[PDB]
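Down below is the structure, laid out as structure tokens.
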Amino acid sequence: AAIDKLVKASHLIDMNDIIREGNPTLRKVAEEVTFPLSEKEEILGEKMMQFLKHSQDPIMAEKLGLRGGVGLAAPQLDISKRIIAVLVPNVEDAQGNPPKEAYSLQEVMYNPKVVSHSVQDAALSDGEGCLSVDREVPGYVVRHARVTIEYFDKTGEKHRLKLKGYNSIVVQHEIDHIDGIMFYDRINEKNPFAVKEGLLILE
Ligand SMILES: [Zn+2]
Ligand SMILES: [Zn+2]
Ligand SMILES: [Zn+2]
Ligand SMILES: [Zn+2]
Ligand SMILES: [Zn+2]
Ligand SMILES: [Zn+2]
Ligand SMILES: [Zn+2]
Ligand SMILES: [Zn+2]
């Protein structure tokens, strides 16, 4: 099964492991994971984070042929489980100093959900890209500006977190995968760049 292939100790996730638009797995509602986690589910999360770290590293990305990512969802690996990884780096200053914190968000989340959110909407100015979609897709992907999420970590510990900005967008994008929703579902059908008043456009 897919999962067996992915959790092999020597196996590194690459783009040949990522399923693409058209595969039905991407449209299902993924199954909740139960605790305590199986070994496979723990390992899968670790491999998914490793994939993100590799995608962000100029060397490994080039070694393995990776498109950069800041989030990955298990359905994109053909695994219909509610497991996401997110890895959002902070940036250097103009002087080339590293940020105080490497990342603004770094988590492998089990059973994540949005529990509340702002009335306000937001969208990335640059639109969204998807590792599973090999097409140019223009437009504003209209999301909640701010969200409160719940999720469990690999140990079974429950977290409750509020997010805003880019990090809010990322998490939402990944939770959508485990509900079978694609980014372009949230692009206006008639004018991809329509702006309803009060939409927060994030640069
Ligand atoms: Zn592989
Ligand atoms: Zn482990
Ligand atoms: Zn590595
Ligand atoms: Zn709650
Ligand atoms: Zn609501
Ligand atoms: Zn995605
Ligand atoms: Zn929502
Ligand atoms: Zn459409």
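The chains in the structure tokens are called A, B, ... from first to last as shown; in each chain the residues are counted from 1, and the ligands are counted from 1 in the order shown.
Residues surrounding residue 57 in chain A within 12 Å are residues 50, 51, 52, 53, 61, 62, 63, 64, 65, 66, 67, 68, 69, 70 and 89 of chain A [only C-alpha atoms; sequence separation below 4 positions excluded].
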Inset, instruction - Identify, on the basis of only C-alpha atoms, every residue whose closest approach to range 138-140 of chain A does not exceed 6 Å; exclude the query and any residue fewer than 2 positions from it along the same chain; express the result as a VMD selection string. - result: chain A and resid 123 127 142 187 192 to 193
Those same residues, written as a PDB file, in the first residue's frame with C-alpha atoms?
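Result file follows (part-v7.pdb):
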```pdb
ATOM      1  CA  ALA A 123      -6.240  36.180   0.535  1.00  0.00           C
ATOM      2  CA  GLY A 127      -2.608  33.583  -5.148  1.00  0.00           C
ATOM      3  CA  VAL A 142     -10.551  33.834  -0.321  1.00  0.00           C
ATOM      4  CA  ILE A 187     -11.459  31.483  -6.302  1.00  0.00           C
ATOM      5  CA  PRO A 192     -10.616  35.535 -10.210  1.00  0.00           C
ATOM      6  CA  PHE A 193      -9.377  38.951  -8.933  1.00  0.00           C
TER       7      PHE A 193
END
```
Legend entry - Picked from range 4-202 of chain A by DSSP as alpha helix (DSSP H), as a PyMOL selection string: chain A and resi 4-7+39-56+58-64+165-179
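Comparing A:194, A:33, A:178, A:105 by their smallest distance to residue 156 in chain A, the closest is A:33 (using only C-alpha atoms).
Near residue 86 in chain A, within 8 Å and counting only C-alpha atoms, sit residues 49, 52, 70, 71, 72, 105, 106, 107, 108, 170 and 171 of chain A, not including residues fewer than 3 positions from it in the same chain.
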Residues within 12 Å of ligand 4, counting only C-alpha atoms and all ligand atoms: report them as a CSV table (one decimal) with C-alpha atoms, in the first residue's frame.
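What follows is the written file pocket-v1.csv:
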```csv
chain,number,residue,atom,x,y,z
A,112,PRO,CA,-6.7,19.5,12.9
A,113,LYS,CA,-9.9,21.6,12.6
A,114,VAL,CA,-11.0,25.2,12.6
A,115,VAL,CA,-13.2,25.9,15.7
A,116,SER,CA,-13.8,29.6,15.2
A,148,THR,CA,-8.7,29.3,16.0
A,149,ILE,CA,-7.6,25.7,15.4
A,150,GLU,CA,-7.6,22.6,17.5
A,151,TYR,CA,-5.3,19.7,16.8
A,152,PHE,CA,-3.4,16.9,18.4
A,158,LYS,CA,-4.4,18.5,22.5
A,159,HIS,CA,-3.5,22.1,21.3
A,160,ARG,CA,-5.7,25.2,20.8
A,161,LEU,CA,-4.1,28.0,18.8
```
Inset, instruction - Go through A:100, A:196, A:8, A:81 one by one, measure the shortest atom-to-atom distance of each to residue 26 in chain A using only C-alpha atoms, and give the residue with the smallest value. - result: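 Comparing A:100, A:196, A:8, A:81 against residue 26 in chain A, the winner is A:81.
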Legend entry - Contacts to ligand 7 at 8 Å cut-off (only C-alpha atoms and all ligand atoms) as a ChimeraX atom specification: /A:114,117,143-144,172
Using the selection just defined, write its residues with N, CA and C atoms as a PDB file, in the first residue's frame.
```
ATOM      1  N   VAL A 114     -10.683  23.847  12.185  1.00  0.00           N
ATOM      2  CA  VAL A 114     -11.017  25.246  12.552  1.00  0.00           C
ATOM      3  C   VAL A 114     -12.222  25.203  13.476  1.00  0.00           C
ATOM      4  N   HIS A 117     -13.461  31.558  13.793  1.00  0.00           N
ATOM      5  CA  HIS A 117     -12.666  32.354  12.830  1.00  0.00           C
ATOM      6  C   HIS A 117     -13.304  33.765  12.773  1.00  0.00           C
ATOM      7  N   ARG A 143     -10.114  33.222   1.984  1.00  0.00           N
ATOM      8  CA  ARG A 143     -10.028  32.387   3.192  1.00  0.00           C
ATOM      9  C   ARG A 143     -10.545  33.278   4.391  1.00  0.00           C
ATOM     10  N   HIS A 144     -10.596  32.674   5.567  1.00  0.00           N
ATOM     11  CA  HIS A 144     -10.801  33.429   6.801  1.00  0.00           C
ATOM     12  C   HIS A 144      -9.510  34.202   7.127  1.00  0.00           C
ATOM     13  N   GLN A 172      -5.260  26.754   6.887  1.00  0.00           N
ATOM     14  CA  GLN A 172      -6.491  26.568   6.196  1.00  0.00           C
ATOM     15  C   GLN A 172      -6.412  25.779   4.916  1.00  0.00           C
TER      16      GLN A 172
END
```
Output as a Markdown table one row per residue of chain A within 8 Å of ligand 2: the closest atom pair and its distance in Å to one decimal place, counting only C-alpha atoms and all ligand atoms, sorted by chain and residue number ascending.
```
| residue | atom | partner | partner_atom_place_in_ligand_line | distance |
| --- | --- | --- | --- | --- |
| A:39 | CA | ligand 2 | 1 (Zn) | 7.9 |
| A:42 | CA | ligand 2 | 1 (Zn) | 5.9 |
| A:43 | CA | ligand 2 | 1 (Zn) | 5.9 |
| A:46 | CA | ligand 2 | 1 (Zn) | 6.9 |
```
Legend entry - Given 8 Å and only C-alpha atoms and all ligand atoms, residues near ligand 6 as an NGL selection string: :A and (71-73 or 76 or 129-132 or 173-174 or 177 or 182-183)
Legend entry - Counting only C-alpha atoms and all ligand atoms, the option among A:190, A:45, A:27, A:195 closest to ligand 8: A:190
Legend entry - Counting only C-alpha atoms and all ligand atoms, the option among A:44, A:18, A:137, A:124 closest to ligand 8: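 Counting only C-alpha atoms and all ligand atoms, the residue closest to ligand 8 is A:137.
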As a PDB file with N, CA and C atoms, in the first residue's frame, please: the residues near residue 203 in chain A (cut-off 10 Å, only C-alpha atoms, same-chain neighbours under 3 positions excluded).
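Result file follows (part-v9.pdb):
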```pdb
ATOM      1  N   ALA A 123      -6.783  36.995   1.631  1.00  0.00           N
ATOM      2  CA  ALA A 123      -6.240  36.180   0.535  1.00  0.00           C
ATOM      3  C   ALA A 123      -4.773  36.661   0.319  1.00  0.00           C
ATOM      4  N   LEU A 124      -3.973  35.732  -0.079  1.00  0.00           N
ATOM      5  CA  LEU A 124      -2.602  36.073  -0.531  1.00  0.00           C
ATOM      6  C   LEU A 124      -2.676  36.887  -1.879  1.00  0.00           C
ATOM      7  N   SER A 125      -1.963  38.022  -1.936  1.00  0.00           N
ATOM      8  CA  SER A 125      -1.914  38.776  -3.179  1.00  0.00           C
ATOM      9  C   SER A 125      -1.431  37.962  -4.388  1.00  0.00           C
ATOM     10  N   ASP A 126      -0.479  37.060  -4.126  1.00  0.00           N
ATOM     11  CA  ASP A 126       0.126  36.235  -5.141  1.00  0.00           C
ATOM     12  C   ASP A 126      -0.669  34.932  -5.521  1.00  0.00           C
ATOM     13  N   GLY A 165      -2.561  36.129   9.519  1.00  0.00           N
ATOM     14  CA  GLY A 165      -1.590  36.373   8.482  1.00  0.00           C
ATOM     15  C   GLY A 165      -1.397  35.125   7.603  1.00  0.00           C
ATOM     16  N   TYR A 166      -0.110  34.996   7.182  1.00  0.00           N
ATOM     17  CA  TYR A 166       0.251  33.949   6.256  1.00  0.00           C
ATOM     18  C   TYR A 166       0.026  32.606   6.889  1.00  0.00           C
ATOM     19  N   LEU A 200      -8.898  41.297   3.244  1.00  0.00           N
ATOM     20  CA  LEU A 200      -7.534  41.611   3.593  1.00  0.00           C
ATOM     21  C   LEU A 200      -6.574  40.988   2.597  1.00  0.00           C
TER      22      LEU A 200
END
```
